[PDB]
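Colleague: Shown below is the structure under consideration.
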Amino acid sequence: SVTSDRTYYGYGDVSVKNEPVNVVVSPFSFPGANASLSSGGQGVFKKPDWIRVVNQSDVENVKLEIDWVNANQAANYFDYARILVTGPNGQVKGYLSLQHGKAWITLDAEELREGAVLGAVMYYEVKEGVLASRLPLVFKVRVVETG
Amino acid sequence: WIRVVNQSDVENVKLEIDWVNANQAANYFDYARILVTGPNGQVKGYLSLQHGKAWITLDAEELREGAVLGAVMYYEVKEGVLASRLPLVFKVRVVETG
Amino acid sequence: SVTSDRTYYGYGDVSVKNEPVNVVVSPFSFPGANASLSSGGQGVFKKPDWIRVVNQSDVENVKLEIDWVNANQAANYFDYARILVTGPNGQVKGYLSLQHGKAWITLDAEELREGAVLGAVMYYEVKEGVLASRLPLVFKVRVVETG
Ligand SMILES: [Ca+2]
Ligand SMILES: [Ca+2]
Ligand SMILES: [Ca+2]
Ligand SMILES: [Ca+2]
Ligand SMILES: [Ca+2]
Ligand SMILES: [Ca+2]
Ligand SMILES: [Ca+2]
């Protein structure tokens, strides 16, 4: 009588919700307070706690691409500007200048285990006589690959 | 969802489930996959916008305790579509029994 | 006698009512009160609470496209204008300028769980001598994909 259609089923579901990374930012105001910057002046500014990376319990490798997009603008104001991106635990993984504007800071599973804080060190010299107020520098952070 | 109640005589049933308005829900959904949960954890049926016919059959051990057919649906509503009270109608056919 | 037409039926209904997202706006009046903007002036303006996203209990991923449509108009008035769209919890996901006018801020399930407030930071310099009153800047918000 009944000729059973021999076909049973099994199923499953996978939930991919979050993105691997969170770039929490604390922007810098470099002349700061209780310090001063003059026109034509030379020196160094540093912020130790600038870009924080927070990852899920699953992600263990990240490769970030930092990009300086308005570098053609700060060229009209600065003579040399060299940004050093201080890595997790004293490592320095990044270097940005008016000429060379792309960095490739990558992070491993030991560094992500304790929170990757990316401070910034800046070496500068304001072009001769230029006087400005609240100049912006904007950096593009791209997560290129992860695992 | 679908309960099968049989007489004390019937012990084998072969049902054909058919999705008839699948050409309509295509205008609204991107993928729709219905899984017909069989009697005691078995899964005997699968319906999609493309593949619309199922052949869930039932044996004498399963009919002895009542065959309840739940439904699991995986869906994604097409981009931006806004609707209210859409119907999906399934044809249940008893093809053979004994 | 009766030759039963063996055909029974089962049915169901699905109710899709709402759209995934609500863009609640609090527009900005940037010269504000108890502050002042001058012609040819330079500086920064910021509004922390500008675009609020409210989602249903079902939606967990949104990808928004922000677009600056009258950027060709503010070019006649401004020298540089750079809008930074401050994301949910300190992240910065968006950048709009007179040249580059499209942004792609996307949001994950952890950020939508607490309300995505999109503040705005603006860096500007009014072209030399231009004097205007109540200039509009209009941004197109598009929900491109969701799930
Ligand atoms: Ca290491
Ligand atoms: Ca990967
Ligand atoms: Ca059995
Ligand atoms: Ca028969
Ligand atoms: Ca609404
Ligand atoms: Ca996130
Ligand atoms: Ca979708």
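Going by the structure tokens order, chains are called A, B, ..., each with residues numbered from 1, while ligands are numbered from 1 in the order shown.
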Distance limit 6 Å, reference ligand 4, atoms considered: only C-alpha atoms and all ligand atoms. Which residues make the cut? Give them as a count of residues only.
Modeller: 4
Colleague: Quick one: residues within 8 Å of residue 49 in chain B, only C-alpha atoms, excluding same-chain residues fewer than 2 positions away - as a list in words?
Modeller: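 The residues satisfying every condition are residues 22, 23, 25, 26, 31, 32, 33, 47, 51 and 52 of chain B.
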Colleague: For the residues in the current selection, export N, CA, C and O atoms as a PDB file, in the first residue's frame.
Modeller:
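The resulting file, part.pdb, is reproduced below:
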ATOM      1  N   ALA B  22       2.422  29.943  -3.219  1.00  0.00           N
ATOM      2  CA  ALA B  22       3.842  30.254  -3.123  1.00  0.00           C
ATOM      3  C   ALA B  22       4.256  31.297  -4.151  1.00  0.00           C
ATOM      4  O   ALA B  22       5.227  32.031  -3.937  1.00  0.00           O
ATOM      5  N   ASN B  23       3.553  31.368  -5.280  1.00  0.00           N
ATOM      6  CA  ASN B  23       3.822  32.428  -6.243  1.00  0.00           C
ATOM      7  C   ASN B  23       3.415  33.800  -5.725  1.00  0.00           C
ATOM      8  O   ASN B  23       3.891  34.812  -6.248  1.00  0.00           O
ATOM      9  N   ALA B  25       3.543  34.751  -2.189  1.00  0.00           N
ATOM     10  CA  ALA B  25       4.487  35.156  -1.157  1.00  0.00           C
ATOM     11  C   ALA B  25       5.872  35.418  -1.724  1.00  0.00           C
ATOM     12  O   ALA B  25       6.724  35.965  -1.019  1.00  0.00           O
ATOM     13  N   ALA B  26       6.117  35.038  -2.978  1.00  0.00           N
ATOM     14  CA  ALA B  26       7.373  35.384  -3.628  1.00  0.00           C
ATOM     15  C   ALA B  26       7.510  36.886  -3.821  1.00  0.00           C
ATOM     16  O   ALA B  26       8.621  37.419  -3.758  1.00  0.00           O
ATOM     17  N   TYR B  31      13.401  34.621   1.196  1.00  0.00           N
ATOM     18  CA  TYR B  31      13.495  33.178   1.327  1.00  0.00           C
ATOM     19  C   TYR B  31      12.545  32.753   2.430  1.00  0.00           C
ATOM     20  O   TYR B  31      12.458  33.413   3.467  1.00  0.00           O
ATOM     21  N   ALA B  32      11.814  31.673   2.190  1.00  0.00           N
ATOM     22  CA  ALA B  32      10.878  31.143   3.171  1.00  0.00           C
ATOM     23  C   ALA B  32      10.977  29.630   3.158  1.00  0.00           C
ATOM     24  O   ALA B  32      10.700  29.002   2.135  1.00  0.00           O
ATOM     25  N   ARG B  33      11.370  29.048   4.285  1.00  0.00           N
ATOM     26  CA  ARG B  33      11.609  27.611   4.373  1.00  0.00           C
ATOM     27  C   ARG B  33      10.825  27.066   5.556  1.00  0.00           C
ATOM     28  O   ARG B  33      11.149  27.363   6.708  1.00  0.00           O
ATOM     29  N   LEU B  47       9.356  22.814   2.925  1.00  0.00           N
ATOM     30  CA  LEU B  47       8.651  23.589   1.919  1.00  0.00           C
ATOM     31  C   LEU B  47       9.360  24.915   1.708  1.00  0.00           C
ATOM     32  O   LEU B  47       9.706  25.602   2.670  1.00  0.00           O
ATOM     33  N   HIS B  51      10.830  24.765  -4.014  1.00  0.00           N
ATOM     34  CA  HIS B  51      10.386  23.392  -3.798  1.00  0.00           C
ATOM     35  C   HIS B  51       9.164  23.450  -2.887  1.00  0.00           C
ATOM     36  O   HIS B  51       9.266  23.743  -1.697  1.00  0.00           O
ATOM     37  N   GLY B  52       7.993  23.203  -3.461  1.00  0.00           N
ATOM     38  CA  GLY B  52       6.745  23.399  -2.761  1.00  0.00           C
ATOM     39  C   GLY B  52       5.945  22.166  -2.401  1.00  0.00           C
ATOM     40  O   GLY B  52       4.819  22.314  -1.913  1.00  0.00           O
TER      41      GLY B  52
END
Colleague: Let me see if you get this right: every residue at most 7 Å from ligand 5, counting only C-alpha atoms and all ligand atoms, written as a count of residues only.
Modeller: 4
Colleague: Give me, as a PDB file with C-alpha atoms, in the first residue's frame, the set of residues whose atoms come within 10 Å of any atom of ligand 2, counting only C-alpha atoms and all ligand atoms.
Modeller:
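Output saved as pocket.pdb:
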ATOM      1  CA  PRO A  20      34.420  42.218  15.362  1.00  0.00           C
ATOM      2  CA  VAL A  59      37.663  37.590  17.736  1.00  0.00           C
ATOM      3  CA  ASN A  61      43.076  38.621  15.139  1.00  0.00           C
ATOM      4  CA  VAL A  62      42.457  42.103  13.728  1.00  0.00           C
ATOM      5  CA  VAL A 144      40.484  44.887   6.611  1.00  0.00           C
ATOM      6  CA  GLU A 145      40.703  41.286   7.829  1.00  0.00           C
ATOM      7  CA  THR A 146      39.878  39.374  10.988  1.00  0.00           C
ATOM      8  CA  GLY A 147      39.569  35.855  12.336  1.00  0.00           C
TER       9      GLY A 147
END
Colleague: Would you give me, as a PyMOL selection string, the residues of chain B that come within 10 Å of chain A, using only C-alpha atoms?
Modeller: chain B and resi 12-15+35-38+42-46+54-59+74+95-98
Colleague: Quick one: everything within 6 Å of range 89-102 of chain A, counting only C-alpha atoms, minus sequence neighbours fewer than 4 positions away in the same chain. Send it as an MDAnalysis selection string.
Modeller: chainID A and resid 66:68 71 81:85
Colleague: May I have the residues from that selection written out with N, CA and C atoms, as a PDB file, in the first residue's frame?
Modeller:
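Listed below is the output, part-v4.pdb:
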ATOM      1  N   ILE A  66      44.732  52.435   9.181  1.00  0.00           N
ATOM      2  CA  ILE A  66      44.523  53.830   9.549  1.00  0.00           C
ATOM      3  C   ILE A  66      44.934  54.698   8.369  1.00  0.00           C
ATOM      4  N   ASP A  67      44.131  55.715   8.075  1.00  0.00           N
ATOM      5  CA  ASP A  67      44.333  56.550   6.903  1.00  0.00           C
ATOM      6  C   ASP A  67      44.128  58.004   7.288  1.00  0.00           C
ATOM      7  N   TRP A  68      45.034  58.873   6.861  1.00  0.00           N
ATOM      8  CA  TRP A  68      44.911  60.304   7.105  1.00  0.00           C
ATOM      9  C   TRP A  68      44.363  60.965   5.845  1.00  0.00           C
ATOM     10  N   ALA A  71      45.235  65.172   5.078  1.00  0.00           N
ATOM     11  CA  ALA A  71      46.656  65.490   5.134  1.00  0.00           C
ATOM     12  C   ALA A  71      47.027  66.572   4.130  1.00  0.00           C
ATOM     13  N   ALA A  81      54.806  66.777  10.206  1.00  0.00           N
ATOM     14  CA  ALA A  81      53.909  66.206  11.200  1.00  0.00           C
ATOM     15  C   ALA A  81      54.017  64.695  11.130  1.00  0.00           C
ATOM     16  N   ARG A  82      54.454  64.076  12.220  1.00  0.00           N
ATOM     17  CA  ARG A  82      54.704  62.639  12.248  1.00  0.00           C
ATOM     18  C   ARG A  82      53.967  62.046  13.438  1.00  0.00           C
ATOM     19  N   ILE A  83      52.937  61.258  13.161  1.00  0.00           N
ATOM     20  CA  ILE A  83      52.105  60.656  14.194  1.00  0.00           C
ATOM     21  C   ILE A  83      52.587  59.233  14.420  1.00  0.00           C
ATOM     22  N   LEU A  84      52.866  58.889  15.669  1.00  0.00           N
ATOM     23  CA  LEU A  84      53.289  57.547  16.044  1.00  0.00           C
ATOM     24  C   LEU A  84      52.186  56.911  16.877  1.00  0.00           C
ATOM     25  N   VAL A  85      51.659  55.788  16.401  1.00  0.00           N
ATOM     26  CA  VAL A  85      50.524  55.127  17.032  1.00  0.00           C
ATOM     27  C   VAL A  85      51.082  54.095  18.006  1.00  0.00           C
TER      28      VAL A  85
END
Colleague: Can you pull out the residues contacting range 123-133 of chain C? Cut-off 6 Å, using only C-alpha atoms, and skip same-chain residues under 4 positions away; I want them as a list in words.
Modeller: residues 39, 40, 41, 42, 43, 44, 77, 78, 79, 80, 81 and 82 of chain C
Colleague: If you keep N, CA and C atoms, can you produce a file of those selected residues as a PDB file, in the first residue's frame?
Modeller:
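Done, and the output landed in again35.pdb:
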ATOM      1  N   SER C  39      31.753  86.604  10.373  1.00  0.00           N
ATOM      2  CA  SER C  39      32.117  86.347   8.989  1.00  0.00           C
ATOM      3  C   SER C  39      33.615  86.113   8.875  1.00  0.00           C
ATOM      4  N   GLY C  40      33.991  85.107   8.095  1.00  0.00           N
ATOM      5  CA  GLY C  40      35.375  84.710   8.017  1.00  0.00           C
ATOM      6  C   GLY C  40      35.906  83.978   9.228  1.00  0.00           C
ATOM      7  N   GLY C  41      35.054  83.643  10.195  1.00  0.00           N
ATOM      8  CA  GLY C  41      35.521  83.030  11.417  1.00  0.00           C
ATOM      9  C   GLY C  41      35.796  81.547  11.273  1.00  0.00           C
ATOM     10  N   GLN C  42      36.563  81.026  12.225  1.00  0.00           N
ATOM     11  CA  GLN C  42      37.006  79.640  12.218  1.00  0.00           C
ATOM     12  C   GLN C  42      36.719  79.021  13.575  1.00  0.00           C
ATOM     13  N   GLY C  43      36.391  77.728  13.570  1.00  0.00           N
ATOM     14  CA  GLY C  43      36.130  77.040  14.820  1.00  0.00           C
ATOM     15  C   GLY C  43      35.432  75.699  14.714  1.00  0.00           C
ATOM     16  N   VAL C  44      34.695  75.329  15.762  1.00  0.00           N
ATOM     17  CA  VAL C  44      34.005  74.046  15.824  1.00  0.00           C
ATOM     18  C   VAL C  44      32.670  74.233  16.528  1.00  0.00           C
ATOM     19  N   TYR C  77      29.463  79.456   0.437  1.00  0.00           N
ATOM     20  CA  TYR C  77      29.559  80.156   1.708  1.00  0.00           C
ATOM     21  C   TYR C  77      30.729  79.707   2.565  1.00  0.00           C
ATOM     22  N   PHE C  78      31.053  78.418   2.579  1.00  0.00           N
ATOM     23  CA  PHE C  78      32.070  77.875   3.466  1.00  0.00           C
ATOM     24  C   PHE C  78      33.345  77.552   2.703  1.00  0.00           C
ATOM     25  N   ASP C  79      34.461  77.553   3.421  1.00  0.00           N
ATOM     26  CA  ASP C  79      35.737  77.172   2.834  1.00  0.00           C
ATOM     27  C   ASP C  79      36.063  75.704   3.067  1.00  0.00           C
ATOM     28  N   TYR C  80      35.843  75.207   4.277  1.00  0.00           N
ATOM     29  CA  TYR C  80      35.899  73.778   4.531  1.00  0.00           C
ATOM     30  C   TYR C  80      34.855  73.456   5.584  1.00  0.00           C
ATOM     31  N   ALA C  81      34.127  72.368   5.372  1.00  0.00           N
ATOM     32  CA  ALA C  81      33.105  71.932   6.312  1.00  0.00           C
ATOM     33  C   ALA C  81      33.177  70.421   6.429  1.00  0.00           C
ATOM     34  N   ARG C  82      33.466  69.928   7.628  1.00  0.00           N
ATOM     35  CA  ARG C  82      33.670  68.501   7.850  1.00  0.00           C
ATOM     36  C   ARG C  82      32.783  68.063   9.005  1.00  0.00           C
TER      37      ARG C  82
END
Colleague: Given a cut-off of 12 Å, which residues of chain A touch chain C, counting only C-alpha atoms, written out as a PDB file with C-alpha atoms, in the first residue's frame?
Modeller:
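And here's part.pdb as it stands now:
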ATOM      1  CA  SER A  15      23.454  33.794  14.552  1.00  0.00           C
ATOM      2  CA  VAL A  16      25.986  36.368  13.321  1.00  0.00           C
ATOM      3  CA  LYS A  17      25.102  39.623  15.055  1.00  0.00           C
ATOM      4  CA  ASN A  18      28.024  41.870  15.944  1.00  0.00           C
ATOM      5  CA  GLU A  19      30.995  43.309  14.099  1.00  0.00           C
ATOM      6  CA  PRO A  20      34.420  42.218  15.362  1.00  0.00           C
ATOM      7  CA  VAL A  21      35.581  45.571  16.695  1.00  0.00           C
ATOM      8  CA  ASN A  22      34.600  48.759  18.536  1.00  0.00           C
ATOM      9  CA  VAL A  23      36.715  51.880  17.970  1.00  0.00           C
ATOM     10  CA  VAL A  24      36.038  54.003  21.044  1.00  0.00           C
ATOM     11  CA  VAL A  25      37.555  57.452  20.546  1.00  0.00           C
ATOM     12  CA  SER A  26      38.668  60.187  22.936  1.00  0.00           C
ATOM     13  CA  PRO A  27      39.633  63.069  20.648  1.00  0.00           C
ATOM     14  CA  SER A  29      42.843  69.009  21.879  1.00  0.00           C
ATOM     15  CA  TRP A  50      43.200  57.818  22.242  1.00  0.00           C
ATOM     16  CA  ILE A  51      41.764  54.844  20.312  1.00  0.00           C
ATOM     17  CA  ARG A  52      40.479  51.871  22.278  1.00  0.00           C
ATOM     18  CA  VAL A  53      39.668  48.575  20.570  1.00  0.00           C
ATOM     19  CA  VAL A  54      37.042  46.370  22.231  1.00  0.00           C
ATOM     20  CA  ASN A  55      36.455  42.929  20.743  1.00  0.00           C
ATOM     21  CA  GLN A  56      34.060  40.059  21.312  1.00  0.00           C
ATOM     22  CA  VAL A  69      42.413  61.931   4.745  1.00  0.00           C
ATOM     23  CA  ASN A  70      42.851  65.674   5.334  1.00  0.00           C
ATOM     24  CA  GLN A  73      44.908  70.405   4.334  1.00  0.00           C
ATOM     25  CA  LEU A 131      47.728  81.449  13.093  1.00  0.00           C
ATOM     26  CA  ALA A 132      44.733  79.127  13.289  1.00  0.00           C
ATOM     27  CA  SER A 133      42.062  77.931  15.693  1.00  0.00           C
ATOM     28  CA  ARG A 134      40.543  74.448  16.046  1.00  0.00           C
ATOM     29  CA  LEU A 135      42.091  72.664  13.092  1.00  0.00           C
ATOM     30  CA  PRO A 136      40.719  69.155  12.454  1.00  0.00           C
ATOM     31  CA  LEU A 137      42.666  66.017  11.609  1.00  0.00           C
ATOM     32  CA  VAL A 138      40.480  63.040  10.718  1.00  0.00           C
ATOM     33  CA  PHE A 139      41.715  59.453  10.470  1.00  0.00           C
ATOM     34  CA  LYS A 140      39.893  56.617   8.741  1.00  0.00           C
ATOM     35  CA  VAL A 141      40.012  53.331  10.658  1.00  0.00           C
ATOM     36  CA  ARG A 142      39.329  50.283   8.487  1.00  0.00           C
TER      37      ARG A 142
END
Colleague: Go through C:58, C:65, C:114, C:49 one by one, measure the shortest atom-to-atom distance of each to ligand 6 using only C-alpha atoms and all ligand atoms, and give the residue with the smallest value.
Modeller: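 Of C:58, C:65, C:114, C:49, the one nearest ligand 6, counting only C-alpha atoms and all ligand atoms, is C:114.
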Colleague: Got a sec to tell me which of range 3-147 of chain C DSSP assigns to strand (DSSP E or B), as a PyMOL selection string?
Modeller: chain C and resi 8-16+21-25+42-55+62-68+78-86+91-97+102-103+106-107+116-126+139-146
